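# Secondary and tertiary structure notes
Chain by chain, the residues:
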Amino acid sequence: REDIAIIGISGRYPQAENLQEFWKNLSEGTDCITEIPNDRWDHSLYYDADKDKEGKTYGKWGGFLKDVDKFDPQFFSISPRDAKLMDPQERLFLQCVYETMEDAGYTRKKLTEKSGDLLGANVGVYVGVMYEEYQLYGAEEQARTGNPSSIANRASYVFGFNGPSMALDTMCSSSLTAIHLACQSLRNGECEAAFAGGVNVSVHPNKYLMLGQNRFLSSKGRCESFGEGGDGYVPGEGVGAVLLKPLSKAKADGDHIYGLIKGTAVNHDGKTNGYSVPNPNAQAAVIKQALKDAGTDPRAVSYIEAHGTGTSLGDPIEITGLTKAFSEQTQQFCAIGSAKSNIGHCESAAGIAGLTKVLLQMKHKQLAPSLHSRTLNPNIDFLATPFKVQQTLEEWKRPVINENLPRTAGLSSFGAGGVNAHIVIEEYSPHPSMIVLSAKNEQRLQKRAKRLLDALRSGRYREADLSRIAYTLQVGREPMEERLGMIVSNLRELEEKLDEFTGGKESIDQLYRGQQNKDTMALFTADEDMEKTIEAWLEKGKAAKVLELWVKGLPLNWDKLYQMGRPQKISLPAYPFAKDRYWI
Amino acid sequence: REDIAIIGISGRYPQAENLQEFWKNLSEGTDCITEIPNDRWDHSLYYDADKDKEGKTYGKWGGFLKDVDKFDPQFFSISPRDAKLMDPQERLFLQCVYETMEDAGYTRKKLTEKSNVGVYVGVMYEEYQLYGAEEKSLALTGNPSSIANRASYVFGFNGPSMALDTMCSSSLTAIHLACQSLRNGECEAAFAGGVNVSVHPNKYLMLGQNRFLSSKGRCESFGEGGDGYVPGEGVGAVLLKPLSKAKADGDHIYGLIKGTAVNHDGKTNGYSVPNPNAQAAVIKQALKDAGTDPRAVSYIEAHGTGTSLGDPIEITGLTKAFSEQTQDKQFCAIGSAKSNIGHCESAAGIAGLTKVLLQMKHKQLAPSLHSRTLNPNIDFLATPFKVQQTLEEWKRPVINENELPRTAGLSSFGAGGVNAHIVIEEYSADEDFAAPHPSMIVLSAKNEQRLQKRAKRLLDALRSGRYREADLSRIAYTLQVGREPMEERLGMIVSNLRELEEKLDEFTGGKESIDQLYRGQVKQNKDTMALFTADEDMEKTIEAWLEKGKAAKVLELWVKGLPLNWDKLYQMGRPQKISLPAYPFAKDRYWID
């Protein structure tokens, strides 16, 4: 039994352009749920007062993205005329796998470096999705479509992974089952690494129809997590992805770590009284099992990212289920919160959004609030119980060894179609340098700088990790067609340059830019002596003179920058994407 | 290392009411693909030749069932009004899980013994979200997950339930994941399977725009006219558990999933292209953990896709895997189930598996149809593989150079590029037990008229002898412990296989209370349940009833509903299971209003 390290993350959630700004909304508790946009359907096309007609609901609104209908087709070697015929589900994931790629800090050449096996060394893809909405395609109009397995299968095809690719389905906890199966696929050693994730979108009113006939939603149309007005919940859209691999190799091939999936668990509810009822006895049977193989006490755990459904039946049952698990051997106080309060009920991205929240709570060392918990349903009799609802933003402290310990936190998600799953996460404890950067065309060049600027503006890193930032952009970013690099030793000389690109195209001797000229590729690669000259270029370390050749395309084996050890990775902004609409 | 034993099977495929008659069609090569029925869509409105038209399509007969549309709602405690909001995908599986239950001779009594059962089905939700459209539901046919999740809810399993998706090999991925979930020991047992149905013309529209199908509209597996393929419907299910326990709790074995493998095909030149290099990377890995030589293998149930690109690539991929060891003539047999039935888009590994297991039981090698002439790119005279033209006896390879068991591979490869290969071996009955003279054939059902059939289907089996006198105690034992004690009832006394039929014909025949018939109901006799169960002495009387073994006197009390612990004294070794006909289902229609 081996731990799994999570090295790369990304995702797109209501009122969140990137993870940076998602955390903002969680930390400043901000209701991200908003009115139905004009671009989707005729808002004013039919809606109903509470529980009356056949054809409509009291569908107030829900969590949505500005992003949804856009893609950069030609980036992935896909033609625009085939982009017309594609699923928002599939792009959003592809795009957000590729951001996870680079937030982890690994190239598409990832696959050749691991094994002399054969083409593109195995990588798993596990995503858990729903009904696509564009099958509702003019069904009166011939669609010039249908598969939930094309999501993972394109992602593997495009990037060239030789590892399992599939689309799971468990009603709510699909994302988290993927987590489970990914982790399962790693311990036994069938695959090296995995892209686990979940995707959810709200595109036809059939989603909003079906959800209202079976009364799962509230009149208010908000997520009240453990609140007093505990009536039903709203459907937030969402998409997310994470990159997983064993701790065993995460140390050697220094990789940047977000957290450790130390325990995984999943089961079904046996026969409940109704179809869509959850069984509290069944819920601890997961969580006991999550903590069994994790080998960590219930008294270690300091936070539970609950599947806060918010229904009158659902939330009390969860709390009672959580109680039974923790009451077997101890009676520290654990914090309970929900991401599902801030964003909506990711239908299939429930676990991944929660996971994302959990991991964002780890990096900034803080406990974010569960919104709409001002007053608590009288059936929350917190009855000598370890749990407590997390009202507000406070600093996260580590429990002590004295009571006779690392940060430890659980993650729940439970299907209406009874499938229950729980995951348990723990936190892991001069020279001039070459800032090289690349893209596919002209105009995406000083956005890619602009986004690196706006990070260094806010000051997310200090001077100490300059070699780390450089190293990433060299080996763990793709050497694309258009190029740019710069020379630094610095704190301040980073921004002195970046602002000059935003300011204009002006040329001080600090800029090197190029593409192109093919005399040299065949000259440079198939020869032993010119590689000794690149070896001999590092010996001296005169910087500017080589970077002229990089921007003109010199491919080079970067691993020769090395002190006797190569410094570990870092979270840098992923490639910003094009804004071309595709629909109908 | 844990082998997985496969103990129960079932499925429903084109022109196949049950597995018995599915084998018939495979053995007598039959072409099970037929013209589009009148009940579905009017197709004098969508038929063209290859055209530049708005999308009207050419690819228009395929493999279909007789009443995909029916269900027995109340059997499973589900109301008819919520069976009007229904997915054919979900019923067909439930129904076929429940047949797999009883063919593997266990029942819903699973969890009263132990103190978790896995469900893995791989589907393709297509159709009623469209039918639902200009004036269906979310957990009621708006989800593929509902398929597995109801099966677990209804029967009351506490083990993983899910709907996977890999374009073609979904069923076979389920096989893989089920088997994976058993070795590590997160779950006791699994229901692996696949379900596929063809209900809207959108399926038939999308398959024709992207030209996957043929003009002729048949499955030429490795044939000359290698053009494109057809979509056969299908549904299937199998029950899996470790060999470790399969001996101890004596269960009926069909075969052994000794090896499992799966991967993706990397970057190919096109999207829907398969990579031959990628194909042996599965099969090598299937044979790696199986620990069996390529030279042991005597049959490959191929993914015979039949396309001009697909079949040669497979053959070349298969070659590379086996060519690590030596090449020889007529070394391995290749065939397809796909030829006989259509492309079961999801159930394309489960149908193959089913064929493979049917080939094992009857010891024969069924034909690959439409292989009269072979695509010139099958240049096989330096390879081990050979296309299986006709029905011949399956022989075991030999072991004296210095019995090797029957060993056979099973392939399925996605057009969305997921590839998977499973390796199956037959179990040998290993050697080198008293019920008394009379035995209790008990049988049960939920209402009056189904008891007229439950017997009739057991009759028609014994008519065509299934087997002989020797396993009478086995047949009895099954119907006692591994069949549900339903509301309406019937039993009989026998000491031979001949007085079995002399009774069964009398039920189907004119009126007779001649031989000892015993019939009754649980519904009539109240206040014996509470009298019988909560007491130590009357259990000693049932104990003392076995001591003597006078038969007829107890069976009066069974039909009146006496629940009883049928570990009767079985000498403290109870004889193993047997394949008996599962509960025949009601014929009520459910679609549209």
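Counting of residues restarts from 1 for each chain and follows the sequence as written, so the numbers need not equal those of the entry; residues with no coordinates are not shown. Chains and ligands are labelled sequentially in the order written, the chains with letters from A and the ligands with numbers from 1. Just so you know, side-chain values use all the structure's heavy atoms and leave hydrogens and water out.

Structure determination for this entry is recorded as X-ray crystallography, at 4.20 Å resolution.

Going by the PDB entry, chain B carries the name Polyketide synthase and comes from Bacillus amyloliquefaciens. Per the PDB header, the entry is named "Ketosynthase from module 5 of the bacillaene synthase from Bacillus amyloliquefaciens FZB42".

In the nomenclature of the PDB entry, chain A is known as Polyketide synthase of Bacillus amyloliquefaciens.

### Describing the overall build of chain A
Helix numbering and strand numbering both begin at the N terminus, where a helix is a DSSP run of H or I of at least 4 residues and a strand a DSSP run of E of at least 2. Counting secondary structure elements, chain A contains 16 helices and 20 strands. Computation of the radius of gyration draws on C-alpha atoms, with the globule rule given as 2.2 Å multiplied by the number of residues to the power 0.38. Taking 584 residues into account, the globule formula puts the C-alpha radius of gyration at 25 Å, and chain A, at 25 Å, falls close to it. Expressed as lengths along the three principal axes of its C-alpha atoms, the size of chain A is roughly 75 × 70 × 45 Å. For every residue, the accessible area obtained with a 1.4 Å probe (protein chains only) is divided by the maximum for its type, and the residue is called buried under 20%, exposed over 50%, and partly exposed between those limits. Looking at chain A residue by residue over its 584 residues, the buried ones come to 57%. Each accessible area is a Shrake-Rupley estimate made with a 1.4 Å probe; only the visible protein chains count as cover when residues are assessed. In the form shown here, chain A has an accessible surface area of approximately 26,000 Å², with 49% of it arising from carbon and sulfur atoms. Considering chain A, the positive charge centre built from 69 side chains and the negative charge centre built from 75 side chains are found 1 Å apart. When charges are tallied, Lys and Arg are placed among the positive residues and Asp and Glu among the negative ones, while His and the ends of the chain are skipped. For charged residues, the charge sits on one atom: NZ in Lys, CZ in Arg, CG in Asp, CD in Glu.

### Some details on unusual backbone geometry
Residue and element names in this part refer to chain B. At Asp-67, a residue that is not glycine, the phi angle is positive and equals roughly 50 degrees. Relative to the helices and strands, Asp-67 resides in the loop between α1 (19-27) and β2 (70-71). Judged by its relative accessible area of 36%, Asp-67 is partly exposed.

### Structural notes on the pairing of strand β6 (residues 165-168) of chain A
All names here are of chain A. Of the two faces of β6, the one holding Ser-165 and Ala-167 and the one holding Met-166 and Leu-168 are both buried throughout. Note on pairing: two strands pair once DSSP finds at least 2 bridges between them. In this structure, strand β5 (residues 124-128) lies alongside β6, joined through four bridges in parallel fashion. The partner of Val-125 across the bridge, within β6, is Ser-165.

### Things to note about the sheet that holds strand β19 (residues 512-514) of chain A
Residue and element names in this part refer to chain A. In space, the three strands of this open sheet follow the order β17-β18-β19, with antiparallel pairing throughout. One side of each edge strand has no neighbouring strand; the edge strands of this open sheet are β17 (433-439) and β19. Taking each pair of neighbouring strands and ignoring which way they run, the sheet shows an average axis angle of 15 degrees. Axis definition: a line fitted to C-alpha atoms, over the contacting stretch in the case of helices. Angles run 0 to 180 degrees between N-to-C directions.

### Things to note about the pattern of salt bridges
Residue and element names in this part refer to chain B. We define a salt bridge as a contact between a side-chain nitrogen of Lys or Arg and a carboxyl oxygen of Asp or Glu at a distance within 4 Å. Applying the stated criterion across every chain, the model contains 30 salt bridges over all chains. Here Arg-295 and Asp-328 are joined by a salt bridge, their closest N and O atoms 2.8 Å apart. Placement of the pair is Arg-295 in the loop between α9 (276-290) and β9 (299-301) and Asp-328 in the loop between α10 (310-322) and β10 (332-335), with a sequence separation of 33 residues. A relative accessible area of 33% means that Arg-295 is categorised as partly exposed. Judged by relative accessible area, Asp-328 falls into the partly exposed class, the value being 33%. Put simply, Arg-474 and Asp-471 hold a salt bridge, and the shortest N to O gap is 3.1 Å. Here the salt bridges share partners, and the residues they tie into one network are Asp-67, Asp-69 and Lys-70.

### Looking at the packing of aromatic side chains
We call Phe, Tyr and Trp rings a pair once their centres come within 6.5 Å, taking the six-membered ring for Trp, and we label the pair stacked below 30 degrees between planes, edge-to-face above 60, and tilted otherwise. Taken as a whole and judged by the stated rule, the model has 43 aromatic pairs over all chains. Residues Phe71(A) and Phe76(A) carry aromatic rings whose centres are separated by 5.2 Å and whose planes lie at 15 degrees to one another, so their mutual orientation is stacked. This pair shows no difference in class: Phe71(A) is buried, exactly as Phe76(A) is. For the pair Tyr583(B) and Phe585(B), a centre-to-centre distance of 5.4 Å together with 75 degrees between the ring planes defines the contact as edge-to-face. Residue classification places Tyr583(B) among the buried positions, given a relative accessible area of 1%. Of the residues examined, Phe585(B) reaches a relative accessible area of 13% and is grouped as buried. Put simply, the rings of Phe71(A), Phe75(A), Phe76(A), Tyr98(A), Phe159(A), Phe161(A), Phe195(A), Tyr575(A) and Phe577(A) pair up and form one aromatic cluster. The ring of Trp583(A) has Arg40(A) lying over it, and the distance from NZ or CZ to the ring centre is 5.9 Å. Here, over-ring charges are defined by two tests on the NZ atom of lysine or the CZ atom of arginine: distance to the ring centre within 6 Å, and angle to the ring normal within 35 degrees. The cationic tip of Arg483(A) hangs over the ring face of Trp550(A); the distance from NZ or CZ to the ring centre is 4.7 Å.

### Thoughts on the side chain of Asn263(B)
Tracing the backbone through its elements, the reader meets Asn263(B) in strand β8 (residues 255-264). Pairs of N or O atoms are called polar contacts if they sit within 3.5 Å, as long as, within protein, a hydrogen donor faces a hydrogen acceptor (for residues adjacent in sequence, only side-chain-to-side-chain pairs). In terms of polar contacts, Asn263(B) uses its side chain to reach the backbone carbonyl oxygen of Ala278(B), at 3.4 Å. Residue contacts for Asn263(B): discarding those within four places in its chain leaves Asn162(A), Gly163(A), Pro164(A), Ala278(B), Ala281(B), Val282(B), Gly417(B), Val418(B) and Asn419(B). Here, two residues are considered to be in contact whenever any of their heavy atoms come within 4.5 Å of each other.

### Re the domain arrangement of chain B
All names here are of chain B. Each assigned domain of chain B is listed here: domain 1 (4-425) and domain 2 (457-589). The domain boundaries here were taken from an automatic or database domain assignment. For domain 1 versus domain 2, the distance between C-alpha centres works out to 36 Å. Each partner contributes residues to the interface: domain 1 has 23 residues there, and domain 2 has 21 residues. Buried area is understood as the total, over both parts, of accessible area removed when two parts are fitted together, assessed with a 1.4 Å probe. Overall, the association of domain 1 and domain 2 removes approximately 1,900 Å² of surface from exposure, summing both partners, and the carbon and sulfur fraction of that is 53%. Linking domain 1 to domain 2 there are one salt bridge. Across the pair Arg-483 and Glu-102 runs a salt bridge whose closest N-O atoms are separated by 3.9 Å. Among the elements of the structure, β2 and α2 (88-103) are those that each provide at least two residues to the side of domain 1 that touches domain 2. Top element by residues in the side of domain 1 that touches domain 2 is α2. It accounts for five residues. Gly is placed with the polar residues, together with every amino acid not listed as nonpolar (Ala, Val, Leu, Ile, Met, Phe, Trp, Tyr, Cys and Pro) or charged (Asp, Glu, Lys and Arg). Among the residues making up the side of domain 1 that touches domain 2, the classes are represented as seven nonpolar, six polar and ten charged.

### A short note on the packing of helix α3 (residues 88-104) of chain A against helix α4 (residues 150-159) of chain A
When two helices pack together, you describe them by how their axes are tilted relative to each other and by the distance separating the axes. Residue and element names in this part refer to chain A. Running from amino to carboxyl end, α3 crosses α4 at an angle of 45 degrees, the nearest separation of the two axes being 9 Å. Between α3 and α4, the angle falls in the class oblique. Crossing handedness for the pair α3 and α4: right-handed. Packed against α3, whose contacting residues are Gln-89, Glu-90, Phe-93, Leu-94, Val-97, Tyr-98 and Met-101, the element α4 presents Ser-150, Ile-151, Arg-154, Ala-155, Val-158 and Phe-159 at the interface. Here the contact of α3 with α4 is composed, by residue class, of nine nonpolar, two polar and two charged. Note on angle classes: values under 35 degrees are labelled roughly parallel, values over 145 roughly antiparallel, values of 65 to 115 roughly perpendicular, and the remainder oblique. When the near helix sits turned anticlockwise from the far one by under a right angle, the crossing is termed left-handed; a clockwise turn instead gives a right-handed crossing.

### Digging into helix α11 (residues 448-458) of chain A
Residue and element names in this part refer to chain A. Of all the residues in α11, the buried ones are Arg-448, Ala-449, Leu-452, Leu-453 and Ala-455. Mapping the buried residues of α11 onto a view down its axis gives an arc of 165 degrees, with all of them on the same face. Residues of α11 that are exposed and point more than 90 degrees away from the buried face comprise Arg-457 and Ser-458. On its buried side, α11 packs onto β17, α12 (466-475) and α13 (495-503). By definition, the arc is the one covered by directions from the helix axis to the C-beta atoms.

### Some remarks on the sheet that holds strand β9 (residues 259-267) of chain A
Residue and element names in this part refer to chain A. If you trace the eleven strands from one edge of the open sheet to the other, you get β6-β5-β7-β8-β1-β9-β16-β15-β10-β11-β13, paired in mixed fashion. If you trace the sheet from one side to the other, it starts and ends with β6 and β13 (387-389), each paired once. Strand-to-strand twist in this sheet, taken as the mean axis angle between neighbours without regard to direction, amounts to 25 degrees.

### Brief notes about the interface of chain A and chain B
Listed by partner, the interface residues are 60 residues for chain A and 61 residues for chain B. Of the roughly 5,000 Å² buried at the junction of chain A and chain B (both faces included), carbon and sulfur atoms supply 56%. Three residues, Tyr157(A), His268(A) and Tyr275(A), lead the burial of chain A against chain B; their summed loss comes to 14% of the area buried on that side. Applying the counting rule to chain A against chain B returns zero salt bridges. Where chain A packs against chain B, one counts 13 residue pairs in polar contact. Put simply, the parts of the chain that give the side of chain A that touches chain B at least two residues each are α4, β6, α5 (174-187), α6 (205-213) and β9 of chain A. Among the residues making up the side of chain A that touches chain B, the classes are represented as 22 nonpolar, 29 polar and nine charged.

### Notes on a positive patch on the surface
Residue and element names in this part refer to chain A. Taken together, the side chains of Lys-66, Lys-450, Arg-451 and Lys-579 present a region of like positive charge at the surface. When you line up the elements, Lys-450 lands in helix α11. Residue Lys-450 is classed as partly exposed on the basis of its relative accessible area, which comes to 42%. Two distance rules govern patches: like charges are joined within 9 Å, and nonpolar side chains (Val, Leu, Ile, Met, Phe, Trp, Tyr) within 5 Å, applied only to residues with over 30% relative accessible area and no salt bridge.

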